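Enquirer: starting from these lines, generate the structure:
(chains A and B, ligands or ions: 4)
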Amino acid sequence: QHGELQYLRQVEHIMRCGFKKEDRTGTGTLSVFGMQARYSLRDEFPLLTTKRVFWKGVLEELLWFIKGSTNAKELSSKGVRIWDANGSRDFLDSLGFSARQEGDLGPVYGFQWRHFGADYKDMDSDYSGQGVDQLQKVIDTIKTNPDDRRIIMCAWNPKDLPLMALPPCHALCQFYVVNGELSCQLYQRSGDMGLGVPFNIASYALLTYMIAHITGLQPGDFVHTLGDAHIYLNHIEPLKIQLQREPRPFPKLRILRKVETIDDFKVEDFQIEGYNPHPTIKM
Amino acid sequence: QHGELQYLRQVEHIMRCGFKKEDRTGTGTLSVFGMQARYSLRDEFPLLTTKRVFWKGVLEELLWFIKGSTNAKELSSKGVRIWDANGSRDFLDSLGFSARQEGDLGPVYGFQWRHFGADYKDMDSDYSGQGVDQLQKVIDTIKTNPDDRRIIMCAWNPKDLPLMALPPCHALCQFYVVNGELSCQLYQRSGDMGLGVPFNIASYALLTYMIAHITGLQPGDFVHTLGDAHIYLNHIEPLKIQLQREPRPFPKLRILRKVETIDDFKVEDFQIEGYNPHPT
Ligand SMILES: Cc1nc(=O)c2cc(CN(C)c3ccc(C(=O)N[C@@H](CCC(=O)O)C(=O)O)s3)ccc2[nH]1
Ligand SMILES: Cc1nc(=O)c2cc(CN(C)c3ccc(C(=O)N[C@@H](CCC(=O)O)C(=O)O)s3)ccc2[nH]1
Ligand SMILES: O=c1ccn([C@H]2C[C@H](O)[C@@H](COP(=O)(O)O)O2)c(=O)[nH]1
Ligand SMILES: O=c1ccn([C@H]2C[C@H](O)[C@@H](COP(=O)(O)O)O2)c(=O)[nH]1
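Expert: Numbering: from 1, shown residues only, chains lettered A, B, ... in the order given. Ligands and ions are numbered 1, 2, ... in the order given. This is the structure:
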């Protein structure tokens, strides 16, 4: 069986057994609470094929995260517009952040991952040597002690919550090692199956490939755990279509050079081979 | 059909397909990474029956949590010894906490749940009005806005980690509401299937029952997600025996009176009916 079948069976399930549940905007969804899929990272990459995934966006965003940025403009400049809406003068004002300059997303992933617990001022501030560098922490631990059951990188910070444009959908992820293979489990509190999910799977599978490469291990599995797994009421039609399609063999991700530290990774180092998806779908 | 069959199928799986993996003590285990089970809370309580669960302990511990305590002695005095070992003068010293008094577990669940982000000194300190009161937070949100997808109570605190005797096994839990029913999902980073696990399921199922009672909702489901799900190499034999037993119908949890706030709960308010488990 093809790995994508899991994601498809989930969507199929949310439609068949989900419950109508209101949205924060009032759009309306069909949801199921608590789900889980295991995507293999062994000699293949989980880039969904029944619908084209914005790969260039998942890669630029991840590097942007690793770099510890919280400025949407720095990701926008790379040709990835995904986080721009949450950075607009209009949106940041509808939440009270009036003195907060444009693009300043607040203490999001980039900040939490590298400086957990540090006092956030603005995106342009210097947090060098401040907070807990969780990203580095997990890498060190994976190297020194692989048996460790506390390899956690937590983006969810209850105290910093009031300063965020958007509370982290990916509350936390945990790494694991066995048989010289590195695995990763993500806890996604809320997931849009028609848009965000596929991209999110790619994002974390990539992170694992990166950390595995640096630690000298082989990619294992990517366990995708969900809280509120939803499908927006309008996405039902196109999704009924996508569910008809047959998944084509997953591509493979090549890391073109030998990099030593997580920060040393650049876009030219990655190569997606054989990514042959079905035509794209607007949602 | 029976809810316990899930837990049994998991143990069965960990034996059948797990991999030998070393322990922090070097005891050795058989593990699988990433697992999940859905226990129904509708008209029944998930207190496992193929082996007796220390129910009096899950209840006293939970209240102890809610009370925001981090002193092991306060739970030990109630006749629940589970957290005593981690509080001894010997253990606290083998980790460096020499000036830390006996029983002082550090900024554990009780402290994180009620005062997240506050500067921890010692168990006897006064943290009134300090930190983020997560427990209260989720209760308020469940009442005012049930559709909310951010109802999270996080015990994992990367900054306070160096002050803990034991890093929280239960990193975080998330609440959900639909059809007037309250559900809960737990993220357990590491779980011992032979001991802590069944107790852990009971603990969180109970918490849901309490919060559901207070918010005026009905208990829904308890989703149990695991990171490193293991079985110690020595528990393999007794477990092979437990797996043979047939689960008896789950008991029911009765809340004997109408309580208003989470803190108002007392031991006399709960009653387990029909808990008929298998022996030893
Ligand atoms: C309700 C909601 N659901 C989401 O999934 C969501 C996701 C993000 C961020 N995210 C992680 C995204 C991943 C992929 C995206 C997307 O817009 N893809 C477009 C291409 C636009 C571009 O060129 O930048 C597409 O699929 O056509 S957006 C922000 C707000 C959200 N809001
Ligand atoms: C290796 C290991 N595995 C565990 O599951 C574990 C659990 C706790 C804490 N936990 C939350 C526990 C739940 C139940 C417990 C127990 O000791 N039950 C006994 C004794 C109490 C009694 O029954 O009077 C038993 O049921 O026999 S201990 C502490 C260290 C651990 N260490
Ligand atoms: O990477 C992401 C980010 C966001 N979302 C979607 C899920 C919900 O549709 C919405 C978040 O809304 P709240 O749960 O924050 O209300 O964004 C995703 O699916 N993936
Ligand atoms: O409620 C609990 C508390 C502890 N443990 C067990 C699981 C592990 O065997 C051990 C903790 O080991 P570390 O994850 O800290 O290495 O305690 C449980 O299963 N449940």
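Enquirer: mind listing the strands for the stretch 101-250 of chain A?
Expert: Residue ranges of the strands in the stretch 101-250 of chain A, as given by DSSP state E, counting those that start in this stretch, are A:152-154, A:170-178, A:181-192, A:218-232.
Enquirer: got the residues of chain A near ligand 2?
Expert: Proximity of chain A to ligand 2 (C-beta under 6 Å from any ligand atom) involves no residue at all. (Each C-beta comes from the backbone N, C-alpha and C, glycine too.)
Enquirer: thinking again about what came up before, JSON lines for the strands of the stretch 101-250 of chain A, including mean neighbour count?
Expert: Converted to JSON lines, the strands of the stretch 101-250 of chain A look like this (neighbours: other C-beta atoms under 10 Å in any protein chain shown):
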{"stretch": "strand A:152-154", "mean neighbour count": "25"}
{"stretch": "strand A:170-178", "mean neighbour count": "24"}
{"stretch": "strand A:181-192", "mean neighbour count": "24"}
{"stretch": "strand A:218-232", "mean neighbour count": "24"}
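Enquirer: for ligand 1, which of those strands is the nearest?
Expert: Nearest to ligand 1, of all the strands of the stretch 101-250 of chain A, is strand A:181-192, at 3.4 Å by C-beta to the nearest ligand atom.
Enquirer: who are the neighbours of that closest one, in terms of helices and strands?
Expert: Packing partners of strand A:181-192 (3 or more C-beta pairs under 8 Å, 6 or more residues apart in numbering or on different chains; DSSP states H and E): strand A:170-178, helix A:196-215, strand A:218-232, strand B:29-40, strand B:170-178.
Enquirer: let me have those in TSV, extended by distance to ligand 4.
Expert: Converted to TSV, these look like this (distance: least, C-beta to the nearest ligand atom, whole Å):
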stretch	distance to ligand 4
strand A:170-178	11
helix A:196-215	19
strand A:218-232	17
strand B:29-40	7
strand B:170-178	7
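Enquirer: among the ones you listed, which is nearest residue A:86?
Expert: Closest to residue A:86 of the helices and strands packed on strand A:181-192, according to C-beta to C-beta: helix A:196-215, at 13.1 Å.
Enquirer: touching ligand 1 at all, the closest one?
Expert: Yes - residues of helix A:196-215 are located near ligand 1 by C-beta under 6 Å from any ligand atom, namely A:196, A:199.
Enquirer: would that helix count as contacting ligand 3?
Expert: Yes - against ligand 3, helix A:196-215 shows contacts by C-beta under 6 Å from any ligand atom at A:196, A:197, A:200.
Enquirer: tell me who's in contact with the closest residue to ligand 1 within the stretch 51-200 of chain A.
Expert: The minimum distance from the stretch 51-200 of chain A to ligand 1, using C-beta to the nearest ligand atom, falls at residue A:196 (2.7 Å). Applying C-beta atoms under 8 Å, 6 or more residues apart in numbering or on different chains to residue A:196 gives the contacts residue A:169.
Enquirer: same question for residue A:16.
Expert: Per C-beta under 8 Å, 6+ apart, neighbours of residue A:16: none.
Enquirer: show me what contacts whatever residue of the stretch 1-150 of chain A ends up closest to chain B?
Expert: Among all residues of the stretch 1-150 of chain A, residue A:34 sits closest to chain B, at 3.4 Å; criterion: C-beta to the nearest C-beta. Residue A:34 sits next to A:225, A:226, A:227, A:229, B:36, B:38, B:183, B:185, B:221, B:223, B:225 when contact means C-beta under 8 Å, 6+ apart.
Enquirer: roughly how far apart are it and ligand 3?
Expert: Here the criterion is C-beta to the nearest ligand atom, to the nearest Å. By it, residue A:34 lies 15 Å from ligand 3.
Enquirer: what of residue A:37?
Expert: Residue A:37 is 15 Å from ligand 3, by C-beta to the nearest ligand atom.
Enquirer: how close does the residue nearest to that residue when sequence neighbours are not counted get to ligand 2?
Expert: Distances taken as C-beta to C-beta, 6 or more residues apart in numbering or on different chains place residue A:6 nearest to residue A:37, at 4.1 Å, with adjacent residues excluded. Per C-beta to the nearest ligand atom, residue A:6 is found 30 Å from ligand 2.
Enquirer: is it true that residue A:6 touches residue A:36?
Expert: No - using C-beta atoms under 8 Å, residue A:6 is not in contact with residue A:36; the gap is 9.0 Å.
Enquirer: do stretch A:197-204 and chain B meet at all?
Expert: No - Stretch A:197-204 lies apart from chain B when judged by C-beta under 8 Å from any C-beta of the partner chain; the minimum separation is 12.6 Å.
Enquirer: one more: stretch A:212-232?
Expert: Yes - counting by C-beta under 8 Å from any C-beta, contacts between stretch A:212-232 and chain B involve A:221, A:223, A:225, A:227, A:228.
Enquirer: give the contact list for the fourth one.
Expert: By that I understand residue A:227. By C-beta under 8 Å, 6+ apart, the contact set of residue A:227 is A:33, A:34, A:187, A:188, A:189, A:190, A:191, B:149, B:174, B:176, B:185.
Enquirer: who's in contact with residue A:134?
Expert: Residues near residue A:134 by C-beta under 8 Å, 6+ apart: A:112, A:113, A:114, A:116, A:152, A:153, A:154, B:158.
Enquirer: what does stretch A:203-219 rub up against?
Expert: Stretch A:203-219 is contacted from outside by A:39, A:41-42, A:45-46, A:58-59, A:61-62, A:138-139, A:142-143, A:170, A:173, A:175, A:177, A:180-184, A:186, A:220, A:222, A:224, A:253, A:255, A:259-262, A:265, A:270, using C-beta under 8 Å, 6+ apart.
Enquirer: distance of residue A:111 from ligand 2?
Expert: In terms of C-beta to the nearest ligand atom, residue A:111 sits 34 Å off from ligand 2.
Enquirer: verify the stated contact: that residue with residue A:127.
Expert: Yes - under the criterion of C-beta under 8 Å, residue A:111 makes contact with residue A:127 at 7.2 Å.
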